[PDB]
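Undergrad:
2 protein chains.
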Amino acid sequence: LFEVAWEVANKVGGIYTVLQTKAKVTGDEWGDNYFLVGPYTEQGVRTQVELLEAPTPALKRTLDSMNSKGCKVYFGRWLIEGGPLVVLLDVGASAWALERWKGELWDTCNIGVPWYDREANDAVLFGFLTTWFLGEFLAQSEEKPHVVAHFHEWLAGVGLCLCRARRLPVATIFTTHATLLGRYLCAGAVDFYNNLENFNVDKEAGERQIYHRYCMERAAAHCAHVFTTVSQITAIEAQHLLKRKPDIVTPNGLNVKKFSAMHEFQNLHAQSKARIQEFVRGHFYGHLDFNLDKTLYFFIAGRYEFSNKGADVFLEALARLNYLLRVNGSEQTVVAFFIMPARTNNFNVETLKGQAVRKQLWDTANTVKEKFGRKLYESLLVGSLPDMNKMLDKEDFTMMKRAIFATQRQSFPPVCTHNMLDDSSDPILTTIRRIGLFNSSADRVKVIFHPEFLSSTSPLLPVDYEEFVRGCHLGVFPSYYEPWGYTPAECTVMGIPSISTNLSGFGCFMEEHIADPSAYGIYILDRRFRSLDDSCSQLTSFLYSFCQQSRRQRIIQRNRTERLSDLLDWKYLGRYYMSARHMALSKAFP
Amino acid sequence: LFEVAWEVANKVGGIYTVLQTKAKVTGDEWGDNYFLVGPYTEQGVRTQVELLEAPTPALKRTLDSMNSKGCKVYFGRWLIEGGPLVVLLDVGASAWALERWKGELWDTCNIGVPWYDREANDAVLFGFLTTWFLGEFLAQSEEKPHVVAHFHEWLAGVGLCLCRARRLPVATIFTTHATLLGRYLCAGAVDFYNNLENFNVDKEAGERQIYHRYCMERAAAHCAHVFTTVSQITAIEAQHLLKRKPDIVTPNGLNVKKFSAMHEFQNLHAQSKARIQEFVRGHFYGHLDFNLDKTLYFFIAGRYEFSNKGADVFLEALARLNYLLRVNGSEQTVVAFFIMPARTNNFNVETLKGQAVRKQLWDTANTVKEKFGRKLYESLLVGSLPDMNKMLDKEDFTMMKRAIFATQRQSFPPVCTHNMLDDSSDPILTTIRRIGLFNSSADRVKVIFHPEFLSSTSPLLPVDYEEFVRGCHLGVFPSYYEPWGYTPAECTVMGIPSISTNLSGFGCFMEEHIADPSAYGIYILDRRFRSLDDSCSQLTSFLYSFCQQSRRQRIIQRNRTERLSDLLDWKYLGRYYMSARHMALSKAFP
Ligand SMILES: O=c1ccn([C@@H]2O[C@H](COP(=O)(O)OP(=O)(O)O)[C@@H](O)[C@H]2O)c(=O)[nH]1
Ligand SMILES: O=c1ccn([C@@H]2O[C@H](COP(=O)(O)OP(=O)(O)O)[C@@H](O)[C@H]2O)c(=O)[nH]1
Ligand SMILES: O=P(O)(O)OC[C@@H]1O[C@@H](O)[C@H](O)[C@H](O)[C@H]1O
Ligand SMILES: O=P(O)(O)OC[C@@H]1O[C@@H](O)[C@H](O)[C@H](O)[C@H]1O
Ligand SMILES: OC[C@H]1O[C@H](O)[C@H](O)[C@@H](O)[C@@H]1O
Ligand SMILES: OC[C@H]1O[C@H](O)[C@H](O)[C@@H](O)[C@@H]1O
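So the sequence lines, in the order shown, correspond to chains C and A.
The first sequence begins at 29 in PDB author numbering and counts up by one.
The second sequence begins at 29 in PDB author numbering and counts up by one.
1) Considering only residues of the same chain and omitting the five flanking positions on each side of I264(A), which have a CB-CB separation below 8 Å?
2) Return the first residue and the last residue of the beta strand (DSSP E) that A177(A) is part of.
3) Between which two residues does the alpha helix (DSSP H) harbouring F318(C) extend?
4) Ends of the alpha helix (DSSP H) at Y212(A)?
5) For the stretch 471-490 of chain A and the stretch 443-455 of chain A, state whether three or more C-beta atom pairs, one from each stretch, are separated by less than 8 Å.
6) Cutting at 7 Å between CB atoms, please list the residues of its own chain near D317(A), excluding the five before and the five after it.
7) Please identify the residue among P414(A), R558(A), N149(A) and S96(A) whose C-alpha is closest to the C-alpha of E164(A).
8) Taking 7 Å as the cut-off, is the CB of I367(A) close to at least one heavy atom of ligand 2?
9) Check whether the Cβ of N280(A) lies closer than 7 Å to any heavy atom of ligand 6, and answer yes or no.
10) Checking 8 Å against the spacing of the C-beta atoms, do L80(A) and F103(A) come in under that value?
11) Evaluate the contact criterion for the stretch 497-506 of chain C versus the stretch 522-533 of chain C: three or more CB pairs, one atom per stretch, below 8 Å.
12) Does the stretch 130-146 of chain A come close enough to the stretch 187-196 of chain A to have 3 or more Cβ pairs within less than 8 Å?
13) Return the residue from the list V32(A), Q581(A) and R146(A) that minimises the CA-CA distance to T159(A).
14) Please list the partners that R579(C) has in chain A, where partner means a Cβ-to-Cβ separation under 8 Å.
15) DSSP state of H446(A), grouped into three classes?
16) Is it the case that the CB of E510(A) approaches a heavy atom of ligand 2 more closely than 7 Å?
17) Give every residue whose Cβ lies closer than 5 Å to any heavy atom of ligand 4, listed in chain order.
18) Can at least three beta-carbon pairs, one atom from the stretch 382-391 of chain A and one from the stretch 339-357 of chain A, be found at a separation below 8 Å?
19) Chain A partners of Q294(C), CB-CB under 8 Å?
20) Please determine whether the Cβ atom of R498(A) lies at a distance below 7 Å from any heavy atom of ligand 2.
21) For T90(C), which residues does DSSP report across the bridge?
22) Are there any heavy atoms of ligand 1 lying less than 7 Å away from the beta-carbon of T45(C), as far as the coordinates show?
23) Tell me whether the beta-carbon of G533(A) lies closer than 8 Å to the beta-carbon of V254(A).
24) How many angstroms separate the CA atom of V396(A) from the CA atom of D424(A)?
25) Is it buried or exposed, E147(A), if we count other Cβ atoms within 10 angstroms and call 16 or more buried?
26) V46(C) by DSSP, collapsed to three states: which one?
27) Assign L404(A) to buried or exposed, taking buried as 16 or more other Cβ atoms, counted over all protein chains shown, within 10 Å of its Cβ.
28) Going by other Cβ atoms of all chains shown within 10 Å of its Cβ, with 16 needed for buried, is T90(A) buried or exposed?
29) Looking at chain C, is there any beta carbon in it that lies within less than 8 Å of the beta carbon of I524(A)?
30) Could you tell me whether the stretch 197-206 of chain A touches the stretch 600-617 of chain A, where touching means 3 or more Cβ pairs closer than 8 Å?
31) Output, in chain order, the set of chain C residues within a Cβ distance shorter than 8 Å of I583(A).
32) Given 7 Å as the limit, tell me if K285(A) has its C-beta closer than that to any heavy atom belonging to ligand 3.
33) Relative to ligand 3, is the shortest distance from any of its heavy atoms to the C-beta of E164(A) smaller than 7 Å?
34) Given this structure, state the Cα-to-Cα distance separating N530(C) from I460(C), to the nearest angstrom.
35) Go ahead and pull the three-state DSSP assignment for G104(A).
36) When the Cα atoms are used, what is the spatial distance from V101(C) to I550(C)?
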């Protein structure tokens, strides 16, 4: 098996997660005949990969057959023990002969990549290197086994045509997880779901680009022995646009972390929410005028797509929910996070300063705490109950007064934790300042935009993504166009209720698998049969309905949402890959 | 309402718990017309009671009507906010005229108490004082209301005859929670449950005593307007021995502590089990040759009755389970606690020394821990990953070696944490040394006898009873004769599976309230239709079956057992007291 892809060592939301979750089961069920191919980027990928430059059995012949011939191929383990013997390929090591590879592409399939975008050039170069490695392996192994080559996305789709030109006896499977042409039309301010058969692919390809990419994608789909897509909705645009109906639907699964107790995810949520509460206390210093027990943490994560990931409708719903909470005289407050990576330069002074003063207050309270504890210990040793007024003197009251005065703040807490280099052109900040949300005292919702992926080694918010998601209360992902949707998937795996859409692969998958959804925390939101304003109103209604329920109802809802983890497990969802491999073997050679 | 009883301020297992749990609901449903009467003992009862010597409304007339007349009456709150206005009565303050009270008893009902036992003399004196207080209150209040007087046990049963002699217009309810004659015959090595109608009460009363007590109990039962008992099994011996069928059965409830989350009792169990693990590490120092993750904590609590609370059968079952675990080659180990108060003098040196060396090892590990943390912090500040061998020098290895040598122990850990003044006559230690259980390395079960009630301010085991019970895994109470049974009741309230009996009020109550018991953690054990050896074999089978199930099964079983807390709630079980009060009002005056 060869699961060649571009995201194996570099962290990107797509491809990387599905491969990392699949590797364990796909290796334990099959064995050491599982091989993974990907690129090399000088970004720290070697930190997570245990490279094996020295010769190693289980395809030891290529190391002394081709490595010392002007190429660069490594063998790694990934630090994940699913037996993922990964074949890492360097991109910049072999780039001096791009002209001959372009000529080879011209001879074979009249395709290639223009010099405008280096991403696709690197993808094609990696495809050439992968094809050379696979051919060398077949030559060295005397063609005794019939290996199956599987391809993900267009970043590794040139392998299909390269192998078909050379007629290598392998079973070809191609699985596209996102028709990028659909992605770039859905961002073109044009309706995409009302009609699909009225699109002219060649006319649209090129004004927004995606002409060579579309051509190579369709060539791979046609020439691949087995074609596959993520959701049933994915197959719909695949057969209507690429004119190649997928052989079988292959829903995306996850490696659920089973605990010895059913309620351990609740404890993880409690701890992570405590950490988020510490961050909130840091950010809203001098403005802690709202109860923190009535605070709910909403969030929308993923790549920074405004109209595709559904951030405009979420912000409109947040403004409306703020208006209803203000006019209803409610003590509930909602802190909404926005984890969408936009380029910054560093943090702003306000956020780091807020964390600093929060922990300075923590230190001052600690000091008074040890002094009080020592005096109380003396009193208990003597045998007299404290009268509570003889312990604290004038100096510690003086320093508490000084600390309180130092934390006084007149400006409002910032909406962005980082210092972005383009604030006049950022959609999120623009609409935030348009809808009049500035974390004010009167505001019932507080927006925090964290334009960066979460990491466990960050100066502020020392939580990785999974822990932070476990800490939140509701994940709102009203995405207009996205094939499957991972973020709601692990939200429901970790027990957090989520707001999906009927235009999403996750929402569609959970639509017909459960009778009466939204009773299990899956607030499916209709975006196909409703206008934008109606969808915003429905999102506001869903948010308010989540707000009105008490703590017991929230706990019960989280339990019900967690109970659905078995649907997205790779044990249940891995059978489709096995079926695809069986069809590929039957088509190529029994 | 007057709930007069002997255990209101002094801590005894019976009476005290039921009154303390009932007070909240019986005061919130009725109001400030609820009055509680009890004795005064110079044992610290005033620490838990906020006495009000100064005049206070809501029966302010007695304070300036009778208190300054040679008596001693206080008003208290109990520190429990169920509105329990308690009328505390001093016992030793008014004891100079016992002869006239004895003559009054002779004139009224030919009863009294012989000078052999001072407990019953104090009870009768308290009854006289209570009757005087009630009569003075009626005189001062102009008899406007028709108050209801309720009596518990024979320690407050002279009030019935004293009030009937004076014909005070009150509604009399008497509730006996234990027919003491049954208790003392069941300890006389004679069968009690095979027949009940063949007993001669007068012949049996006096050789074991309980003649005056039996006479006054039956006089109270006959003269009381409403008679009541704890369980249905209680009414059975009440009508067959006292010849006064109770008007209605009144099962004993509990004030369940509801948490905002369903699983919080699991977290409490985890924390309490961690504390018990610390105690076990202290006790078994130099002998930690068994995995602590495979350790299950069984316990049997309550008053020190050997054949009545079922301690002999539990120890036989423990020995048998040890034999099966040894011959089965099992890694599971079981630590069985015995909380039965027997008089001691202090702790023994071994147990305190064991706790001391445990925490000395904790301190040594802590010291090495700070040194390692500082060196690691230096390494991380520099920027170099530790090589793990340059940090620890020779001195800290030297002190770890010295600490390890100091904790070496050749004698086995003791079975009793305290130093009892009669070890040659203690039934528990006698049978423990007979069945050959000495906490050896080969022994799969380890017995710890803690001859004292648990307290939160003890030098070792700083846990109160409820926390310790939450920490255990299974409460075994194979009691032969006991009317209702509180310990399994709060074991099931707090989620711990329990082993009750069909001769118990709790076991009988749960028998016909749930279809197919032992599926909810209620291991009902038959002791009526089975011999002693067969009962021991069934207990051994139950213990082994509990041992074989894994952690997930234990968690599920605890959840199921916790789900039954609503059956024993005072909300559901308090209706019988309301019915009894209604019948008393109907019988006395509508
Ligand atoms: O702060 C973040 C936000 C998102 N993700 C990852 O990004 C993926 C989102 O994938 P999705 O299919 O939702 O959309 P994509 O971002 O791939 O377009 C999830 O798997 C997350 O694990 C992350 O690692 N850190
Ligand atoms: O270490 C202990 C052991 C027992 N109990 C109390 O003793 C009572 C046991 O009552 P039960 O009806 O089981 O028997 P009794 O001891 O009254 O005969 C329970 O309510 C416990 O709260 C306690 O407070 N501490
Ligand atoms: O954050 P909330 O919705 O109020 O949930 C409250 C918390 O949920 C879970 O983490 C646990 O059950 C906690 O014990 C509980 O306090
Ligand atoms: O002591 P056990 O029977 O092994 O139960 C194990 C513990 O039970 C509960 O206290 C919690 O669920 C803990 O998370 C779990 O570790
Ligand atoms: O469909 C699988 C997932 O990965 C894809 O590459 C897309 O980035 C994402 O939106 C999709 O949900
Ligand atoms: O019946 C109520 C409870 O209190 C009684 O006084 C007994 O001490 C106890 O065994 C009984 O279970």
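A virtual CB, placed ideally from N, CA and C, is assigned to each residue, including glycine.
TA: Taking the coordinates as given:
1) As a working mapping, residue 264(A) is identified with position 236 in the second sequence. Cβ neighbours of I264(A) beyond the five flanking positions: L224.
2) Within the second sequence, numbered from 1, the residue matching residue 177(A) stands at position 149. It spans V176 to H180 - the beta strand (DSSP E) in which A177(A) sits, taken as one unbroken run.
3) Counted from its first residue, the first sequence places residue 318(C) at position 290. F318(C) -> no alpha helix (DSSP H), and no H or E assigned at all.
4) On the second sequence, residue 212(A) is found 184 positions in, with the first residue counted as 1. Taken as a continuous stretch (DSSP letters only), the alpha helix (DSSP H) holding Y212(A) covers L208 to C214.
5) yes
6) Within the second sequence, the letter at position 289 stands for residue 317(A). Counting only Cβ-Cβ distances below 7 Å, and skipping sequence neighbours, we find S469.
7) The residue given as residue 164(A) occupies position 136 in the second sequence. Of the candidates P414(A), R558(A), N149(A) and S96(A), the one whose C-alpha sits nearest the C-alpha of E164(A) is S96(A).
8) Translated into positions along the second sequence, residue 367(A) becomes position 339. Yes.
9) Within the second sequence, numbered from 1, the residue matching residue 280(A) stands at position 252. Result yes, Cβ under 7 Å from ligand 6.
10) Translated into the one-based positions of the second sequence, residue 80(A) becomes position 52. Translated into the one-based positions of the second sequence, residue 103(A) becomes position 75. In contact: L80(A) and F103(A) (Cβ atoms closer than 8 Å).
11) yes
12) yes
13) Here residue 159(A) corresponds to residue number 131 of the second sequence, with the count starting at 1. The residue with the shortest Cα to Cα distance from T159(A) is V32(A).
14) Here residue 579(C) is taken as the residue at index 551 of the first sequence, counted from 1. What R579(C) touches in chain A: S288 and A289.
15) Here residue 446(A) refers to the residue found at position 418 when the second sequence is read from its first residue. Reduced to three states, the DSSP call for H446(A) is strand.
16) In the second sequence, residue 510(A) corresponds to position 482, counting from 1. Yes; taking the cut-off as 7 Å, the Cβ of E510(A) has a heavy atom of ligand 2 nearer than that.
17) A289(C), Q294(A), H297(A), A298(A), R579(A) and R582(A)
18) no
19) On the first sequence, residue 294(C) is found 266 positions in, with the first residue counted as 1. Result: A289 and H291.
20) Within the second sequence, numbered from 1, the residue matching residue 498(A) stands at position 470. Because no heavy atom of ligand 2 lies under 7 Å away, the Cβ of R498(A) does not count as near it: no.
21) Here residue 90(C) is taken as the residue at index 62 of the first sequence, counted from 1. In DSSP, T90(C) forms no bridge with anything.
22) The sequence position of residue 45(C) within the first sequence is 17, counting from 1. Yes; taking the cut-off as 7 Å, the Cβ of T45(C) has a heavy atom of ligand 1 nearer than that.
23) Sequence index remark: in the second sequence, residue 533(A) carries index 505 (1-based). Sequence index remark: in the second sequence, residue 254(A) carries index 226 (1-based). Contact flag unset, no.
24) Within the second sequence, numbered from 1, the residue matching residue 396(A) stands at position 368. Within the second sequence, numbered from 1, the residue matching residue 424(A) stands at position 396. Each residue's alpha carbon lies about 7 Å from the other.
25) On the second sequence, position 119 is the one that residue 147(A) refers to. When all chains shown are included, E147(A) counts as exposed.
26) Locating residue 46(C) in the first sequence gives position 18, where the first residue counts as 1. In the structure shown, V46(C) sits in a helix (DSSP, three-state: H, G or I).
27) Reading the second sequence from its first residue, position 376 is the one you call residue 404(A). Classification of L404(A): exposed, given that the 10 Å Cβ count is below 16.
28) Here residue 90(A) is taken as the residue at index 62 of the second sequence, counted from 1. The residue in question, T90(A), is buried, as its Cβ has 16 or more Cβ neighbours within 10 Å.
29) Taking the second sequence and counting its residues from 1, the one referred to as residue 524(A) is at position 496. Chain C contact via Cβ: absent.
30) yes
31) Within the second sequence, numbered from 1, the residue matching residue 583(A) stands at position 555. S288, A289 and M290, listed in chain order.
32) Residue 285(A) sits at position 257 when you count from the first residue of the second sequence. No - ligand 3 has no heavy atom lying nearer than 7 Å to the Cβ of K285(A).
33) Position 136 of the second sequence, counted from the start, is the residue given in the question as residue 164(A). The answer is no for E164(A).
34) What you label residue 530(C) is simply residue 502 of the first sequence in a count that begins at 1. What you label residue 460(C) is simply residue 432 of the first sequence in a count that begins at 1. Spanning the two alpha carbons is a distance of roughly 26 Å.
35) For this step, residue 104(A) is matched to residue 76 along the second sequence. Looking at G104(A) - three-state DSSP - the assignment turns out to be strand.
36) By one-based count along the first sequence, residue 101(C) stands at place 73. By one-based count along the first sequence, residue 550(C) stands at place 522. One C-alpha to the other measures close to 45 Å.
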